[PDB]
Amino acid sequence: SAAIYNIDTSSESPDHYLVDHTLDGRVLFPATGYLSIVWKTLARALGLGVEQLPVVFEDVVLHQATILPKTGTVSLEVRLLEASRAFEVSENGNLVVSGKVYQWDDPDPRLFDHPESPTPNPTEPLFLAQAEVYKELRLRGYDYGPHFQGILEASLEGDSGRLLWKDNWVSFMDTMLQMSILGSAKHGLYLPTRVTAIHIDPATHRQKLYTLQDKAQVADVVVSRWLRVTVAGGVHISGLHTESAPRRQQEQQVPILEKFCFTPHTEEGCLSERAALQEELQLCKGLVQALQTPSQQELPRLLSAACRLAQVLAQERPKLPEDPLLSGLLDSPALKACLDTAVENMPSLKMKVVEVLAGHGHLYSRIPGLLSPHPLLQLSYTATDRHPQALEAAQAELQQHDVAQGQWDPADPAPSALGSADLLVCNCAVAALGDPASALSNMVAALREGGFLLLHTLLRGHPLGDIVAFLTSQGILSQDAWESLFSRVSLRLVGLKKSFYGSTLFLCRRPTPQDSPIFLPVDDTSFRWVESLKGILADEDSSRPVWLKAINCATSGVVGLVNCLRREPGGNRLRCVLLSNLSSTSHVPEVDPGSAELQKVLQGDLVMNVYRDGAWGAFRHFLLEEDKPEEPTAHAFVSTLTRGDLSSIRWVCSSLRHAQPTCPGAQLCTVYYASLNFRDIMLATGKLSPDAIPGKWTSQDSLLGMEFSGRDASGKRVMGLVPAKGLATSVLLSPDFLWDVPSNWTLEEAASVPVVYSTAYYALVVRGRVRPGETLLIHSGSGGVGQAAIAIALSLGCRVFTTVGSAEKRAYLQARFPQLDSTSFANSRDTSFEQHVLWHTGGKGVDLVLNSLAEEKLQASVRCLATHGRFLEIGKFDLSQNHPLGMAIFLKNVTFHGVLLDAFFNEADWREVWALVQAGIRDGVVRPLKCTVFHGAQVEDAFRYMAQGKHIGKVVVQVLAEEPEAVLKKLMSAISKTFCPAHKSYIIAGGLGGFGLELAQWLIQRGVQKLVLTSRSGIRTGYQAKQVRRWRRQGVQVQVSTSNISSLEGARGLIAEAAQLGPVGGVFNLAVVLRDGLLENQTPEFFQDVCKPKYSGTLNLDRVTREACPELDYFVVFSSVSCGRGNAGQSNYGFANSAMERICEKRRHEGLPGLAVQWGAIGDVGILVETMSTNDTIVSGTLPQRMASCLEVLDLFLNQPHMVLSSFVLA
Ligand SMILES: NC(=O)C1=CN([C@@H]2O[C@H](COP(=O)(O)OP(=O)(O)OC[C@H]3O[C@@H](n4cnc5c(N)ncnc54)[C@H](OP(=O)(O)O)[C@@H]3O)[C@@H](O)[C@H]2O)C=CC1
Ligand SMILES: NC(=O)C1=CN([C@@H]2O[C@H](COP(=O)(O)OP(=O)(O)OC[C@H]3O[C@@H](n4cnc5c(N)ncnc54)[C@H](OP(=O)(O)O)[C@@H]3O)[C@@H](O)[C@H]2O)C=CC1
């Protein structure tokens, strides 16, 4: 019968290693698992064991991938046709695997002999270790677990290595496949789809296994790309074909990205850039003036009702707090900054937050969402009101945020359950507090010592406040009255966020009795203050506050050090508070110590207190704008930001602007009209993998557009054929692929000729050899290639049979080509055309078939061939799927042509075809197609216009309108993309590290050709050597430098080496050393040697770039999120990061380039992952960000004006 295999990935299941075979986050059944189950079925059928049965698989095809569920079981049916020697593997009656399988009757041990390498005796002592091998594999999308990690050693090119034999036939062969795909230059996931022949002989496999010193038997694997053969032990795979597997967007982590910027404690004029708020305020003022003498919002409606005319106000009170003006600061960064300040001055991660009068406050829908990005914050929010029913309408909302409920009138003392709160939030803009003094006392008592009060209110004497008072005529209080009341209840104002229309967020703190503070200056360059800090923090009984001071050395990293010390066991409540004076300009005078400013700071007792350009405040995180930045550029292309989404189509800045290597053999042509082809939308809808297109293409560039029309460098009207990137504002092509647009033609019409007519001429004339008077069968005759072939054939006086799928297409073809008769047309949507042809050729058939159809239509087209018939395959589905073609049509002297006009871009002879097309232009044989023109801004519409298939002729995106002034005589808003000129040298300090190598690869893919990688010890690992070798082989001038940036002379020398290659355009500080440990373990030398790679190194890089790099474009430093928020155990790391950030802010303030990226945990590569953080484990509440996401985030960050940006992934 049929063998049933119940694949269960359970712990006690005998097949549990399969959970370790993870590809793009989904547990996929290995392609070798099917081979193993078929082998078991065959062994059962022939009565032998698996280890006693040498086997041969042939023409194995994998039709679909089986996803193993987390829980449950997948049933696989294996059916053997022994007489046919074939097998079949099905999931639920759906074909999964097909091929042939049979016993190896005469096993050949000589088949399992390692072929000689094409480049032998490499003399390379460096090989890829198992950790490096699987780091590289995981970078490509292969999350293989420990069971599927059998490659314990590999050569730098992947042609040879060692495979660990764990008595598993699935894992061993899967590691063979990993070895085959390791040396592949292709990028991304590549899953096996077809394997020509697998020969497995366990008899020689046992004898070819040798045990190492670890007593673990291994085999030697050799991959010959020349022979296309992988041999390991007794396994020999030949003809393995791997097809690209798109990476699922579900596995794509969504990272939270913030900007880390300075904000003063007192802010005024907030929300001024909001035009809607200004318009609403103007309308309210006009309504108030009319009463004394957008518009659909609650406040304008109430004002209009009052103008028309108590009852109305009572009815509209519930919707009053939701007004945009009354909630402007509630939906503003000021509230987020105040919340961050509150959670910053906290004993531990616990956050006890209580809201007063939540019925009209509506702070339950913003505060927990705003504090959600905090990774380790434990939030306890309680919504309280005098009347519980007022919260009923918000009940469901209170269920969404897990907010507790309670009853408490502000005029009465708080309940004991609500006492000792950490944060108290009120929104009394609409709600009435009653007696301000009694209430203020009530939640002064309710708040614990050191707690924070955040109240959003309206100020009397202001437009919004005056309007509210007039409408309502306890009540609206002025700022002076509010401050006096705060002083009455012993509240110290630490924050002030005032809008333009008067609404204000007051932040107050309850003072805590503290002894005389100890002032510790942490500005010493020798880092001798760390010993004093350890000594003062060595005691636990004393709780006297310790104020860190950084009056000198404005580029001090005290912020990161303090943030890291807060969550340490020593100093959580010992008040490790800082005082930094970071003046971004020398014009602003500094704040003298021992004066009233320090007294005010102590009175506020805010943990983060920085003086910047006259302002007193702190560095806070803010949510980054979700919109991708756009710039006006003359060079842009069309890209699908998310694969398969036609709505994601956008104009992205191209690499043709920053780098313009105008040299003979290439030409920068301005694109006026670019046509869309079938391949473009097979790319844009995800049906065709971008890597399937031949050519050296990176994983970032878009391949939309194979042809274009427009102007040239000299301004002549030209049209062109390109392998890719033709859908752009400008295109770089050789003149070998250029034709001159004739005067009678329009640039719009000419943008339809290149691809279709070149393909028709190559298939018909070059390969088909269409002699005049012959009989042709042209499929999709209404298409582009079809119309071109019809025109050529009618020029040659040929009988033509065009297959079209519509009556309108028939009519258009008849009108366009009057030489075609009613018998010239058949149906392309069914096999029927075959009979039609076989009827009108007298059963002889057609001489030439221009076939773009597939499957049964392809077979019918083959059956239409006459004797000496030429079959020109223009389509690719049956070619790509390796569909069998019956080799009996060749008995009719038939020649089968696989016509692909894509080898002309990576090989020649193309000129012949070129000449033909030019001839067709001269004779009038080449006639422009019908063009459906879409504007450049509507490109996506065009992409979804002909994908429906109703288009006739060609669809053309009008990138630029043709000027009628002459035939010989462009800024657009495009998404900013980071591209680097080839004439600039880019330095990556620490570029040989984990993040360094991947950043170098990303920069190289972005156009960097002169690269300088700085390492303290040069190349040591096989992975580093392999990456450097690949970069050098592909043309990048990567240079490994031992020069250390920690010394000024070392930085100068490094910049000199970079300038030797070319002008310095980018400096990337990724150097880092780890001296992590608790503060009592910390030593001054540890801080010195940690800050030297990062702080002193960045200072030296700053100085040298200022003095010797006038053309610098990128000055990027990679800090950690430990500085932004805090991580216990690494205080020196945080100090170095914060100092780097201050350096970058100083650089950016003066106009020079500067960027500090506060990375969270990095997943694919790094240092913490390689040592002991396998896969992506929750580290400090932040998940390890994947490298692809890291590179996209860096690309986004590099095109922003913000000095310091942070990115991490929530757990
Ligand atoms: N191998 C090579 O060198 C090259 C091959 N080509 C191939 O030529 C074939 C056709 O290309 P081309 O003629 O320019 O494409 P067109 O957009 O001009 O039209 C293709 C024809 O295919 C039919 N068709 C079937 N399904 C669709 C659909 N979903 N959308 C639009 N049309 C559809 C239509 O004819 P009807 O609907 O009446 O059946 C249409 O007229 C493609 O398979 C393409 O891969 C193109 C260039 C080079
Ligand atoms: N991966 C992560 O978890 C996180 C990383 N980052 C940032 O990522 C960047 C890269 O670190 P990462 O790739 O992760 O870890 P790595 O250990 O792999 O990279 C550190 C590299 O920097 C080298 N280096 C050390 N000192 C110097 C120096 N003075 N000059 C030049 N090179 C030096 C290191 O020493 P050597 O030459 O001996 O090899 C090592 O090569 C750092 O900025 C780091 O702060 C930020 C947050 C998290």
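Both ligands and their constituent atoms are indexed starting at 1 by order of listing. Side chains are part of it too, since the values below use all heavy atoms of this structure and drop only hydrogens, waters and symmetry mates. Throughout, residue positions are numbered sequentially from 1 according to the sequence presented.
- Residues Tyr1133 and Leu1074 are in side-chain contact: their nearest non-hydrogen atoms beyond the backbone lie under 4.5 Å apart.
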Less than 3.5 Å apart, N/O on ligand 1 and N/O on the protein: could you list those pairs with the distances?
unit_1: ligand 1; atom_1: 1 (N); unit_2: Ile874; atom_2: O; d: 2.8
unit_1: ligand 1; atom_1: 1 (N); unit_2: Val899; atom_2: O; d: 2.8
unit_1: ligand 1; atom_1: 3 (O); unit_2: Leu901; atom_2: N; d: 2.7
unit_1: ligand 1; atom_1: 17 (O); unit_2: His951; atom_2: NE2; d: 2.7
unit_1: ligand 1; atom_1: 18 (O); unit_2: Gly784; atom_2: N; d: 2.9
unit_1: ligand 1; atom_1: 22 (O); unit_2: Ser780; atom_2: OG; d: 3.4
unit_1: ligand 1; atom_1: 30 (N); unit_2: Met946; atom_2: O; d: 3.4
unit_1: ligand 1; atom_1: 37 (O); unit_2: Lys809; atom_2: NZ; d: 2.3
unit_1: ligand 1; atom_1: 37 (O); unit_2: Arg829; atom_2: NH1; d: 2.3
unit_1: ligand 1; atom_1: 38 (O); unit_2: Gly805; atom_2: N; d: 2.7
unit_1: ligand 1; atom_1: 38 (O); unit_2: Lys809; atom_2: NZ; d: 2.8
unit_1: ligand 1; atom_1: 38 (O); unit_2: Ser828; atom_2: OG; d: 3.4
unit_1: ligand 1; atom_1: 38 (O); unit_2: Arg829; atom_2: NH1; d: 3.4
unit_1: ligand 1; atom_1: 39 (O); unit_2: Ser828; atom_2: OG; d: 2.9
unit_1: ligand 1; atom_1: 39 (O); unit_2: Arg829; atom_2: NH1; d: 2.9
unit_1: ligand 1; atom_1: 45 (O); unit_2: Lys876; atom_2: NZ; d: 3.4

Below 3.5 Å, can you tabulate the donor-acceptor pairs from side chains in residues 1047-1056 to any protein atom, sequence neighbours excluded?
unit_1: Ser1047; atom_1: OG; unit_2: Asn1044; atom_2: O; d: 3.2
unit_1: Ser1047; atom_1: OG; unit_2: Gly1050; atom_2: N; d: 3.3
unit_1: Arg1052; atom_1: NE; unit_2: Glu1107; atom_2: OE2; d: 2.3
unit_1: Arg1052; atom_1: NH2; unit_2: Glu1107; atom_2: OE1; d: 3.1
unit_1: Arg1052; atom_1: NH2; unit_2: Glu1107; atom_2: OE2; d: 3.1

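- Contact between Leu992 and ligand 2 is absent, with no heavy atom of the residue lying under 4.0 Å from the ligand.
- Of all the atoms in ligand 2, the ones that sit under 4.0 Å from a non-hydrogen atom of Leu1168 are 3 (O).
- Judged by the shortest distance from any of its heavy atoms, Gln1158 lies outside the 4.0 Å radius around the atoms of ligand 2.
- Proximity to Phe995 (heavy-atom distance under 4.0 Å) selects the following atoms of ligand 2: 8 (O), 10 (C), 13 (O).
- The ring of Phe943 has its center no closer than 6.0 angstrom to the ring center of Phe934.
- Listed by number with element, the atoms of ligand 2 under 4.0 Å from a non-hydrogen atom of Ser1017 are 37 (O), 38 (O).
- Using a 4.0 Å cut-off between heavy atoms, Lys1094 contacts ligand 2 through its side chain alone, with no backbone atom that close.
- Looking at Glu808 and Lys950, no side-chain N of the basic residue comes within less than 4.0 Å of a carboxylate O on the acidic one, giving no salt bridge.
- Listed by number with element, the atoms of ligand 2 under 4.0 Å from a non-hydrogen atom of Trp1159 are 46 (C), 47 (C).
- Proximity of the aromatic rings of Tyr762 and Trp910 is defined here by a centroid distance below 6.0 angstrom, and this criterion is not met.
- Listed by number with element, the atoms of ligand 2 under 4.0 angstrom from any heavy atom of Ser1120 are 46 (C), 47 (C).
- In this structure, the ring of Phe905 has its center less than 6.0 angstrom from the ring center of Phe737.
- Of all atoms in ligand 2, listed by their number and element, those nearer than 4.0 Å to a heavy atom of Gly993 are 18 (O), 19 (O).
- Between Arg1020 and ligand 2 there is a heavy-atom distance shorter than 4.0 Å.
- For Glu940, there are no side chain to side chain donor-acceptor pair (under 3.5 Å) partners two or more places apart in sequence or in a different chain.
- Only the side chain of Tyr1133 comes within 4.0 Å of ligand 2, judged by heavy-atom distances.
- The aromatic ring centres of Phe708 and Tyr673 sit 6.0 Å or more apart.
- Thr803 and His779 are linked by a side-chain donor-acceptor pair at a separation below 3.5 angstrom, with hydrogens and angles left out of the test.
- Note on ring orientation: taking the six-membered ring where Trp is involved, the planes of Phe896 and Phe871 are parallel (angle under 30°, cut-offs 30° and 60°).
- Residue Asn1044 approaches ligand 2 through these ligand atoms, each under 4.0 Å from one of its heavy atoms: 28 (C), 29 (N), 30 (N).
- Proximity of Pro1184 to ligand 2 is not established, as no heavy-atom distance is less than 4.0 Å.
- Residue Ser1119 places a heavy atom less than 4.0 Å from ligand 2.
- In this structure, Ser1046 falls outside the shell of residues with a heavy atom less than 4.0 angstrom from ligand 2.
- Looking only at atom types and distance, the side chain of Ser806 has no donor-acceptor partner in the side chain of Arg829 under 3.5 Å away.
- Between the side chain of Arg679 and the main chain of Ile693, no donor-acceptor pair closer than 3.5 Å is present.
- Any N or O atom pair closer than 3.5 Å counts here, and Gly994 shares at least one such pair with ligand 2.
- Distances below 4.0 Å separate heavy atoms of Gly990 from the following atoms of ligand 2: 22 (O), 31 (C), 32 (N).
- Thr1042 pairs by the side chain to side chain donor-acceptor pair (under 3.5 Å) definition with nothing, not counting sequence neighbours.
- At a cut-off of 3.5 Å, with distance as the only test, a side-chain donor of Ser1207 or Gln1185 sits close to an acceptor on the other residue.
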